[PDB]
>>> print(open('entry10.txt').read())   # compact mmCIF, C-alpha atoms and all ligand atoms
# COMPACT_ATOMS: atom_id res chain seq x y z
CA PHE S 15 30.82 33.76 101.75
CA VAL S 16 33.81 35.98 102.66
CA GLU S 17 36.09 32.92 102.57
CA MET S 18 34.93 32.15 99.00
CA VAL S 19 35.51 35.69 97.69
CA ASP S 20 38.66 35.97 95.53
CA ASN S 21 39.05 32.18 95.20
CA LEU S 22 39.55 32.37 91.43
CA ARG S 23 42.82 33.01 89.59
CA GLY S 24 44.17 32.70 86.05
CA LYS S 25 46.13 34.19 83.18
CA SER S 26 44.65 36.39 80.44
CA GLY S 27 42.81 34.19 77.92
CA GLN S 28 43.72 30.95 79.70
CA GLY S 29 40.60 30.75 81.89
CA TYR S 30 39.66 30.92 85.57
CA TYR S 31 40.68 28.17 87.99
CA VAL S 32 39.70 27.29 91.56
CA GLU S 33 41.76 25.34 94.11
CA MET S 34 40.42 21.84 94.84
CA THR S 35 41.63 18.82 96.84
CA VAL S 36 41.11 15.19 95.78
CA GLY S 37 41.77 11.89 97.56
CA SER S 38 43.12 10.70 100.90
CA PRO S 39 45.51 12.20 101.80
CA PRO S 40 44.41 15.44 100.01
CA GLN S 41 46.07 16.27 96.68
CA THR S 42 45.92 20.00 95.88
CA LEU S 43 45.02 20.84 92.27
CA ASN S 44 44.11 23.90 90.19
CA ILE S 45 40.89 23.22 88.29
CA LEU S 46 39.34 25.25 85.45
CA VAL S 47 35.87 26.62 86.21
CA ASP S 48 33.82 25.57 83.19
CA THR S 49 30.06 26.11 82.74
CA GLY S 50 30.38 24.72 79.18
CA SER S 51 30.95 21.06 80.12
CA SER S 52 29.77 18.48 82.69
CA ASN S 53 32.75 16.27 83.56
CA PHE S 54 35.13 16.55 86.48
CA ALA S 55 38.21 15.59 84.46
CA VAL S 56 41.74 15.99 85.82
CA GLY S 57 45.19 15.29 84.36
CA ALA S 58 46.42 12.01 85.83
CA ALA S 59 49.64 11.54 83.85
CA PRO S 60 52.81 13.68 83.57
CA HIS S 61 51.96 15.68 80.43
CA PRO S 62 54.82 18.23 80.04
CA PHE S 63 52.46 21.25 80.26
CA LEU S 64 51.22 20.35 83.75
CA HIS S 65 52.48 21.67 87.10
CA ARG S 66 50.60 18.97 88.99
CA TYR S 67 48.51 15.90 88.23
CA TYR S 68 46.19 13.53 90.07
CA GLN S 69 47.75 10.30 91.32
CA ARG S 70 44.84 7.81 91.54
CA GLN S 71 46.90 5.09 93.20
CA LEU S 72 48.20 7.15 96.14
CA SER S 73 44.65 7.86 97.35
CA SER S 74 43.13 5.30 99.73
CA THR S 75 39.60 6.59 99.05
CA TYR S 76 39.83 6.29 95.25
CA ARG S 77 37.49 3.76 93.64
CA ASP S 78 38.09 2.45 90.12
CA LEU S 79 34.82 2.32 88.14
CA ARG S 80 36.39 -0.12 85.66
CA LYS S 81 35.18 1.80 82.59
CA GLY S 82 36.87 4.24 80.22
CA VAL S 83 35.73 7.55 78.73
CA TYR S 84 36.57 9.01 75.30
CA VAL S 85 35.67 12.66 74.62
CA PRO S 86 36.48 14.00 71.13
CA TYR S 87 35.72 17.48 70.05
CA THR S 88 37.22 19.52 67.32
CA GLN S 89 40.94 19.80 67.17
CA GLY S 90 41.34 17.10 69.93
CA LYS S 91 40.10 14.36 72.29
CA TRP S 92 40.75 13.85 76.02
CA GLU S 93 40.52 10.31 77.47
CA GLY S 94 41.01 8.39 80.70
CA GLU S 95 39.69 6.20 83.49
CA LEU S 96 36.41 6.76 85.33
CA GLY S 97 36.34 6.60 89.12
CA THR S 98 35.17 8.23 92.35
CA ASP S 99 37.09 9.95 95.16
CA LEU S 100 36.70 12.42 98.04
CA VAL S 101 36.68 16.02 96.79
CA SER S 102 36.66 19.35 98.64
CA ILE S 103 37.16 23.04 97.84
CA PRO S 104 39.50 24.83 100.34
CA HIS S 105 38.00 28.25 99.58
CA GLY S 106 34.47 26.89 99.23
CA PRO S 107 31.87 25.35 101.56
CA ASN S 108 33.23 23.35 104.52
CA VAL S 109 32.16 19.95 103.15
CA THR S 110 33.59 16.80 101.55
CA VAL S 111 31.73 14.88 98.83
CA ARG S 112 32.37 11.63 96.99
CA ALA S 113 32.22 12.64 93.34
CA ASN S 114 32.91 11.15 89.91
CA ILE S 115 36.39 11.85 88.56
CA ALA S 116 37.73 11.23 85.06
CA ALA S 117 41.46 10.58 85.34
CA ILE S 118 42.85 11.90 82.04
CA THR S 119 45.54 9.48 80.83
CA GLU S 120 45.85 10.91 77.30
CA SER S 121 44.85 14.13 75.52
CA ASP S 122 45.43 16.03 72.27
CA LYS S 123 45.13 19.84 72.17
CA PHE S 124 43.36 19.96 75.56
CA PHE S 125 45.76 21.49 78.09
CA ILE S 126 47.17 24.96 77.43
CA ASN S 127 50.96 25.38 77.38
CA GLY S 128 51.80 27.96 80.05
CA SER S 129 48.60 27.73 82.11
CA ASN S 130 48.41 26.91 85.83
CA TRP S 131 45.45 24.49 85.78
CA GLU S 132 45.52 20.68 85.58
CA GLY S 133 41.83 19.83 85.11
CA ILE S 134 38.30 21.12 84.56
CA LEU S 135 35.17 21.43 86.70
CA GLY S 136 32.23 20.71 84.41
CA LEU S 137 29.51 22.75 86.12
CA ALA S 138 26.80 22.11 83.50
CA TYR S 139 24.16 19.35 83.41
CA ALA S 140 24.21 15.55 83.20
CA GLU S 141 22.79 15.43 79.64
CA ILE S 142 26.13 16.62 78.18
CA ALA S 143 28.18 14.45 80.55
CA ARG S 144 30.32 11.76 78.92
CA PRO S 145 30.16 8.81 78.28
CA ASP S 146 26.46 9.38 79.09
CA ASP S 147 24.04 11.24 81.39
CA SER S 148 24.27 8.52 84.07
CA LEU S 149 27.68 9.91 85.06
CA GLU S 150 26.59 12.38 87.74
CA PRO S 151 28.34 15.81 87.50
CA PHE S 152 30.20 17.32 90.48
CA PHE S 153 27.58 19.89 91.50
CA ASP S 154 24.87 17.21 91.41
CA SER S 155 26.99 15.09 93.79
CA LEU S 156 27.65 18.15 95.97
CA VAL S 157 23.96 19.07 96.43
CA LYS S 158 22.76 15.46 96.87
CA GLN S 159 25.26 14.68 99.66
CA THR S 160 25.23 18.00 101.54
CA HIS S 161 22.90 20.85 102.54
CA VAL S 162 24.66 23.26 100.15
CA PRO S 163 21.89 25.01 98.14
CA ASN S 164 21.67 24.19 94.42
CA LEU S 165 23.31 27.32 92.99
CA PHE S 166 26.62 29.10 92.51
CA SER S 167 27.51 32.61 91.35
CA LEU S 168 30.50 33.84 89.35
CA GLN S 169 32.20 37.23 89.47
CA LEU S 170 34.98 37.26 86.85
CA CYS S 171 37.14 40.38 87.15
CA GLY S 172 39.87 40.17 84.44
CA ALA S 173 43.08 41.83 85.71
CA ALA S 184 48.43 39.05 82.42
CA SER S 185 47.07 37.97 85.82
CA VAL S 186 43.31 37.78 86.48
CA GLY S 187 41.10 37.24 89.56
CA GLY S 188 37.51 36.40 90.51
CA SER S 189 35.03 34.81 92.92
CA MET S 190 33.07 31.56 92.82
CA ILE S 191 30.42 31.72 95.54
CA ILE S 192 29.07 28.21 96.08
CA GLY S 193 25.60 27.85 97.60
CA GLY S 194 24.46 31.48 97.39
CA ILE S 195 24.79 35.12 96.37
CA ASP S 196 27.15 37.76 97.78
CA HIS S 197 25.41 41.16 97.69
CA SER S 198 28.72 43.07 97.72
CA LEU S 199 29.86 41.58 94.39
CA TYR S 200 27.27 43.53 92.37
CA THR S 201 25.40 46.84 92.11
CA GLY S 202 21.88 47.62 90.87
CA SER S 203 19.40 44.76 90.56
CA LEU S 204 19.57 41.06 89.65
CA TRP S 205 17.39 40.02 86.71
CA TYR S 206 16.79 36.38 85.79
CA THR S 207 16.56 34.58 82.46
CA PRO S 208 15.12 31.04 82.28
CA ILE S 209 17.39 28.14 81.38
CA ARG S 210 15.66 26.80 78.26
CA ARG S 211 16.93 23.21 78.42
CA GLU S 212 19.09 21.49 81.06
CA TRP S 213 22.32 20.53 79.25
CA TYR S 214 24.47 23.56 78.54
CA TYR S 215 23.41 26.75 80.31
CA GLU S 216 21.11 27.61 77.42
CA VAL S 217 19.35 30.99 77.34
CA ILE S 218 17.23 32.91 74.82
CA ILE S 219 18.24 36.26 73.32
CA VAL S 220 15.14 38.08 72.07
CA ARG S 221 16.57 41.43 70.91
CA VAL S 222 19.90 43.19 70.28
CA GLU S 223 20.65 46.93 70.19
CA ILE S 224 23.71 48.96 69.18
CA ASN S 225 23.71 52.43 70.80
CA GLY S 226 19.94 52.00 71.16
CA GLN S 227 19.49 51.18 67.47
CA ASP S 228 17.63 47.88 67.01
CA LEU S 229 19.63 45.37 64.97
CA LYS S 230 16.39 44.45 63.15
CA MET S 231 17.00 40.70 62.84
CA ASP S 232 14.64 37.77 63.18
CA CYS S 233 15.19 36.95 66.87
CA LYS S 234 15.63 33.29 65.88
CA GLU S 235 18.95 34.33 64.30
CA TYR S 236 20.31 35.40 67.71
CA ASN S 237 19.89 31.84 69.04
CA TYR S 238 20.94 29.83 65.99
CA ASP S 239 21.21 27.09 66.84
CA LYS S 240 21.82 27.77 70.52
CA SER S 241 22.78 30.50 73.00
CA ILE S 242 24.94 29.50 75.98
CA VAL S 243 26.67 31.03 79.00
CA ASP S 244 30.24 29.72 79.10
CA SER S 245 33.05 30.59 81.53
CA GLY S 246 35.34 28.43 79.36
CA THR S 247 35.12 30.88 76.44
CA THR S 248 36.87 34.26 76.20
CA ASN S 249 34.94 36.01 73.40
CA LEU S 250 31.35 37.01 72.83
CA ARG S 251 30.71 34.62 69.94
CA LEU S 252 27.78 35.33 67.61
CA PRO S 253 26.20 33.42 64.70
CA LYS S 254 27.69 34.35 61.30
CA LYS S 255 24.70 36.46 60.19
CA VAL S 256 24.41 38.21 63.58
CA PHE S 257 28.18 38.79 63.70
CA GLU S 258 28.03 40.37 60.22
CA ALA S 259 25.32 42.86 61.22
CA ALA S 260 26.87 43.78 64.60
CA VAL S 261 30.30 44.50 63.05
CA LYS S 262 28.69 46.47 60.19
CA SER S 263 26.88 48.46 62.90
CA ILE S 264 30.02 48.95 65.04
CA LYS S 265 31.89 50.01 61.86
CA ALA S 266 29.16 52.59 61.26
CA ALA S 267 29.20 53.96 64.82
CA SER S 268 32.99 54.43 64.68
CA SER S 269 33.38 55.57 61.04
CA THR S 270 35.46 58.62 62.06
CA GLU S 271 38.40 56.18 62.10
CA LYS S 272 38.94 53.32 59.64
CA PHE S 273 40.49 50.04 60.79
CA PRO S 274 42.15 47.26 58.74
CA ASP S 275 39.77 44.50 57.57
CA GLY S 276 41.80 42.04 59.68
CA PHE S 277 41.04 43.86 62.95
CA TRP S 278 37.36 42.82 62.88
CA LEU S 279 38.48 39.21 62.45
CA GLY S 280 40.78 39.37 65.50
CA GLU S 281 43.90 39.06 63.34
CA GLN S 282 45.25 42.60 63.74
CA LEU S 283 45.69 45.03 66.65
CA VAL S 284 44.71 48.71 66.86
CA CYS S 285 46.82 51.18 68.84
CA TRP S 286 46.40 54.71 70.18
CA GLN S 287 48.84 56.99 71.98
CA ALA S 288 48.61 56.01 75.65
CA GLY S 289 46.46 56.65 77.39
CA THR S 290 43.55 58.01 75.31
CA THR S 291 41.92 56.30 73.36
CA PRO S 292 38.53 57.14 71.74
CA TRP S 293 36.03 55.04 73.73
CA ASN S 294 33.20 57.38 72.66
CA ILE S 295 33.18 56.41 68.95
CA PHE S 296 32.58 52.80 70.04
CA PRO S 297 28.92 51.92 70.80
CA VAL S 298 27.29 50.12 73.72
CA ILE S 299 25.72 46.72 73.00
CA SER S 300 22.40 45.79 74.63
CA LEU S 301 21.32 42.15 74.74
CA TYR S 302 17.69 41.49 75.65
CA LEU S 303 17.10 38.14 77.33
CA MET S 304 13.84 36.26 77.90
CA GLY S 305 12.50 37.18 81.35
CA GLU S 306 10.79 35.13 84.05
CA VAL S 307 7.31 36.40 83.16
CA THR S 308 5.33 35.80 79.95
CA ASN S 309 6.01 38.62 77.44
CA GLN S 310 8.61 40.13 79.81
CA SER S 311 12.29 40.64 79.01
CA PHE S 312 15.29 42.54 80.41
CA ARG S 313 18.52 43.90 78.94
CA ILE S 314 22.22 43.68 79.75
CA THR S 315 24.34 46.54 78.40
CA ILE S 316 28.03 45.96 77.72
CA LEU S 317 30.55 48.78 77.30
CA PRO S 318 33.20 49.15 74.55
CA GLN S 319 35.56 48.17 77.39
CA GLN S 320 34.18 44.61 77.44
CA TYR S 321 34.75 43.81 73.76
CA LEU S 322 37.99 45.75 73.16
CA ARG S 323 40.53 43.80 75.21
CA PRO S 324 44.14 44.94 75.88
CA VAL S 325 46.33 42.60 73.84
CA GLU S 326 47.17 39.38 75.71
CA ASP S 327 50.84 38.74 74.97
CA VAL S 328 52.67 41.93 74.00
CA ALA S 329 56.19 40.92 75.01
CA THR S 330 57.12 43.16 72.03
CA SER S 331 54.72 46.10 71.40
CA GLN S 332 53.93 48.40 74.33
CA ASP S 333 51.61 51.45 73.87
CA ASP S 334 47.89 50.85 74.55
CA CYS S 335 46.74 48.56 71.68
CA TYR S 336 43.56 46.46 71.45
CA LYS S 337 42.01 43.22 70.20
CA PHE S 338 38.43 42.89 68.89
CA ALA S 339 36.82 40.36 71.23
CA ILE S 340 33.60 39.69 69.30
CA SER S 341 33.96 36.75 66.90
CA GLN S 342 31.80 34.57 64.65
CA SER S 343 30.46 31.15 65.65
CA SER S 344 28.92 28.25 63.73
CA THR S 345 27.43 26.62 66.85
CA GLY S 346 25.34 29.53 68.18
CA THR S 347 25.86 32.44 70.58
CA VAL S 348 28.47 32.04 73.31
CA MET S 349 28.39 34.52 76.20
CA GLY S 350 31.99 34.19 77.37
CA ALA S 351 34.30 36.31 79.53
CA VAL S 352 33.51 39.38 77.38
CA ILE S 353 29.98 39.22 78.79
CA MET S 354 30.74 37.54 82.14
CA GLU S 355 33.51 39.95 83.21
CA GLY S 356 30.96 42.76 82.95
CA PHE S 357 28.39 40.95 85.10
CA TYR S 358 27.85 39.10 88.35
CA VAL S 359 26.31 35.87 87.07
CA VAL S 360 24.10 33.68 89.28
CA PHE S 361 23.60 30.07 88.16
CA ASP S 362 20.36 29.31 90.02
CA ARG S 363 20.08 25.62 89.12
CA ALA S 364 17.41 24.94 91.77
CA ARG S 365 15.05 27.32 89.94
CA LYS S 366 16.20 26.75 86.31
CA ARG S 367 17.40 30.34 85.83
CA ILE S 368 20.47 32.54 85.33
CA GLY S 369 20.76 35.96 87.00
CA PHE S 370 22.62 38.99 85.69
CA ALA S 371 23.65 42.10 87.62
CA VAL S 372 26.30 44.75 86.94
CA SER S 373 29.57 43.54 88.47
CA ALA S 374 31.25 45.50 91.27
CA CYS S 375 34.54 44.92 89.42
CA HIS S 376 33.60 45.94 85.85
CA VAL S 377 35.70 48.62 84.13
CA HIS S 378 33.62 51.72 83.32
CA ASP S 379 34.41 54.88 81.32
CA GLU S 380 34.00 58.57 82.13
CA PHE S 381 30.44 59.08 80.85
CA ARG S 382 28.62 55.75 80.30
CA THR S 383 27.60 52.87 82.57
CA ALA S 384 26.93 49.16 82.04
CA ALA S 385 23.40 48.18 83.06
CA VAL S 386 20.87 45.45 83.77
CA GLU S 387 17.45 47.02 83.20
CA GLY S 388 13.78 46.07 82.86
CA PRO S 389 11.08 45.16 82.38
CA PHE S 390 10.52 45.28 78.62
CA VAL S 391 7.56 43.96 76.63
CA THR S 392 8.60 41.31 74.10
CA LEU S 393 6.05 39.09 72.37
CA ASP S 394 6.57 35.52 71.08
CA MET S 395 9.86 35.16 73.01
CA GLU S 396 9.53 31.36 72.81
CA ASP S 397 9.67 31.78 69.02
CA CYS S 398 13.22 33.19 69.29
CA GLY S 399 14.44 29.76 70.43
CA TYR S 400 15.53 27.38 67.67
CA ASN S 401 13.97 23.95 67.09
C1 LIG B 501 31.21 24.34 74.36
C2 LIG B 501 32.16 25.51 74.51
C3 LIG B 501 33.62 25.06 74.43
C4 LIG B 501 34.55 26.28 74.39
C5 LIG B 501 36.00 25.86 74.31
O1 LIG B 501 36.42 25.25 73.34
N1 LIG B 501 36.76 26.19 75.36
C6 LIG B 501 38.18 25.94 75.59
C7 LIG B 501 38.28 24.59 76.29
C8 LIG B 501 37.68 24.65 77.69
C9 LIG B 501 37.81 23.32 78.43
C10 LIG B 501 39.27 22.85 78.48
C11 LIG B 501 39.92 22.84 77.10
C12 LIG B 501 39.75 24.17 76.38
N2 LIG B 501 33.99 24.15 75.55
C13 LIG B 501 33.91 24.34 76.88
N3 LIG B 501 33.43 25.48 77.45
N4 LIG B 501 34.33 23.33 77.66
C14 LIG B 501 34.73 22.38 76.79
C15 LIG B 501 35.26 21.11 76.94
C16 LIG B 501 35.58 20.36 75.81
CL1 LIG B 501 36.27 18.71 76.02
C17 LIG B 501 35.38 20.86 74.52
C18 LIG B 501 34.85 22.14 74.32
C19 LIG B 501 34.51 22.92 75.42
>>> encode(input="entry10.txt", output="structure tokens", more="lines below")
Ligand SMILES: CC[C@@H](CC(=O)NCC1CCCCC1)n1c(N)nc2cc(Cl)ccc21
Amino acid sequence: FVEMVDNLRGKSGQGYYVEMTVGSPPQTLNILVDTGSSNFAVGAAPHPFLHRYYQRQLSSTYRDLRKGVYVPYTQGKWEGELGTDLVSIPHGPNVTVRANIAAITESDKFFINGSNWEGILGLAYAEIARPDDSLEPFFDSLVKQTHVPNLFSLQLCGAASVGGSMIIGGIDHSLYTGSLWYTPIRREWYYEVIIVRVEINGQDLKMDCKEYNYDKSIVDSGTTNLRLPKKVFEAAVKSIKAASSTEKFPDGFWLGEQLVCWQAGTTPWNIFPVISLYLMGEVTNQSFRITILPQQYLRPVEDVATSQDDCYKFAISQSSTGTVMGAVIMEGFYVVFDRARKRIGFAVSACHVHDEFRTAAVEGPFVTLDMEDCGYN
């Protein structure tokens, strides 16, 4: 696993990418690690944002599937040609698999201007694969062709430049401290989990637990913020406002539209509360909690090429599509995607940033009744 440690790189807010090789002879590409999608889709045309792109025709092991794919989302679409080719990960397991590859020939608002990645590794399940669930995802192809165990674990470490580790086929003990606790994957499509309880400095948020998972709660490496449903976001902010009422901040700060600055390098971490998220456990009526520090949700401002000091951005935002546990959560925790056993493990990361008096935690067990009722149908 030592060869797989520190195999992730990226820029702040632009995601985490891993080095991958496709085709014969091998073409080296930087590929976004994405637990929020299920397609292995790489740029295959010279879009001006891209450093590199996949050249289908120069690979002797490339096979044209003779079928297109069209993936629209919100502000954009990505599209291209479906095919298969030989894929390997230089700083991964020593194997080569024939996997599905979507050669992106056109996209709108997909690639990020200034980033160093040229494609995405959809690490989620077949059901959200496009055009349909018969297009086998990369990790499915990996496990079915090799003896690599059906799991991977992510340690995202966040610093402009960021690093991390994607351990494929196991768990590295030295990437976490304390104990690993597991939450069941509710449904195999996104990495869907169930939040049963939320606390702010120990104070229960007092919401119907169905609100925390409306209409969904996912673990996504392709998202930066901790995104919460409107009604949950409202209460959490109102609670964070209350905990830190010794200082008032502009209304735009809570919306992520304005920055807040203190004389470097202190900085009142103490007035900001810890946020505990209770997740459904492996056992009936059993749950566990993950505690995030003010240091996870107050991020040093991305691009301050004019504005020095300390300065911060509020990294909790509202969502209309359910809870998203992004880098805000994931950078605080070593996250194990145990696909073979339908579960996701959380343990305090060895690379999380802690303050002088408080510590991030994964603790349990807790008694929580009707946890299944917190999931939305
Ligand atoms: C479901 C969550 C969203 C979050 C998002 O919008 N992320 C930024 C997105 C990541 C994938 C490359 C393009 C930018 N999301 C993720 N994780 N992967 C996605 C891929 C597509 Cl085609 C659309 C939305 C995606």
>>> residues_around(input="entry10.txt", residues="residue S:299", least_positions_apart="4", cutoff="10 Å", atoms="all atoms listed in the file", output="VMD selection string")
chain S and resid 222 to 227 260 264 313 to 318 320 to 321 384
>>> closest_residue(input="entry10.txt", among="S:44, S:282, S:310, S:342", to="residue S:259", atoms="only C-alpha atoms")
S:342
>>> closest_residue(input="entry10.txt", among="S:68, S:54, S:87, S:63", to="ligand LIG 501 (chain B)", atoms="only C-alpha atoms and all ligand atoms")
S:87
>>> atom_distance(input="entry10.txt", atom1="atom CA of residue S:303", atom2="atom CA of residue S:239")
15.8 Å
>>> closest_residue(input="entry10.txt", among="S:58, S:307, S:19, S:298", to="residue S:71", atoms="all atoms listed in the file")
S:58
>>> residues_near_ligand(input="entry10.txt", ligand="ligand LIG 501 (chain B)", cutoff="6 Å", atoms="all atoms listed in the file", output="MDAnalysis selection string")
chainID S and resid 48 50:51 87 124 244 246:247
>>> closest_residue(input="entry10.txt", among="S:337, S:382, S:376, S:81", to="residue S:276", atoms="only C-alpha atoms")
S:337
>>> closest_residue(input="entry10.txt", among="S:55, S:295, S:109, S:72", to="residue S:143", atoms="all atoms listed in the file")
S:55
>>> atom_distance(input="entry10.txt", atom1="atom CA of residue S:271", atom2="atom CA of residue S:343")
26.5 Å
>>> closest_residue(input="entry10.txt", among="S:372, S:395, S:56, S:266", to="residue S:118", atoms="only C-alpha atoms")
S:56
>>> closest_atom_pairs(input="entry10.txt", of="stretch 173-237 of chain S", to="stretch 152-162 of chain S", cutoff="9 Å", atoms="only C-alpha atoms", output="JSON lines")
{"residue": "S:192", "atom": "CA", "partner": "S:162", "partner_atom": "CA", "distance": 7.8}
{"residue": "S:193", "atom": "CA", "partner": "S:162", "partner_atom": "CA", "distance": 5.3}
{"residue": "S:194", "atom": "CA", "partner": "S:162", "partner_atom": "CA", "distance": 8.7}
>>> atom_distance(input="entry10.txt", atom1="atom CA of residue S:113", atom2="atom CA of residue S:101")
6.6 Å
>>> residues_around(input="entry10.txt", residues="residue S:94", least_positions_apart="6", cutoff="10 Å", atoms="only C-alpha atoms", output="list in words")
residues 55, 56, 57, 58, 59, 81, 82, 83, 84, 85, 115, 116, 117, 118, 119, 120 and 121 of chain S
>>> residues_around(input="entry10.txt", residues="residue S:211", least_positions_apart="3", cutoff="12 Å", atoms="all atoms listed in the file", output="tab-separated table (two decimals) with C-alpha atoms, in the coordinates of the input")
chain	number	residue	atom	x	y	z
S	138	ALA	CA	26.80	22.11	83.50
S	139	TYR	CA	24.16	19.35	83.41
S	140	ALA	CA	24.21	15.55	83.20
S	141	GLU	CA	22.79	15.43	79.64
S	142	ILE	CA	26.13	16.62	78.18
S	208	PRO	CA	15.12	31.04	82.28
S	214	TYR	CA	24.47	23.56	78.54
S	215	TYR	CA	23.41	26.75	80.31
S	216	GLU	CA	21.11	27.61	77.42
S	217	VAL	CA	19.35	30.99	77.34
S	218	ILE	CA	17.23	32.91	74.82
S	240	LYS	CA	21.82	27.77	70.52
S	241	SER	CA	22.78	30.50	73.00
S	242	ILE	CA	24.94	29.50	75.98
S	363	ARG	CA	20.08	25.62	89.12
S	366	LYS	CA	16.20	26.75	86.31
S	367	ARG	CA	17.40	30.34	85.83
S	399	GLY	CA	14.44	29.76	70.43
S	400	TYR	CA	15.53	27.38	67.67
S	401	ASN	CA	13.97	23.95	67.09
>>> residues_around(input="entry10.txt", residues="residue S:308", least_positions_apart="6", cutoff="10 Å", atoms="all atoms listed in the file", output="count of residues only")
6
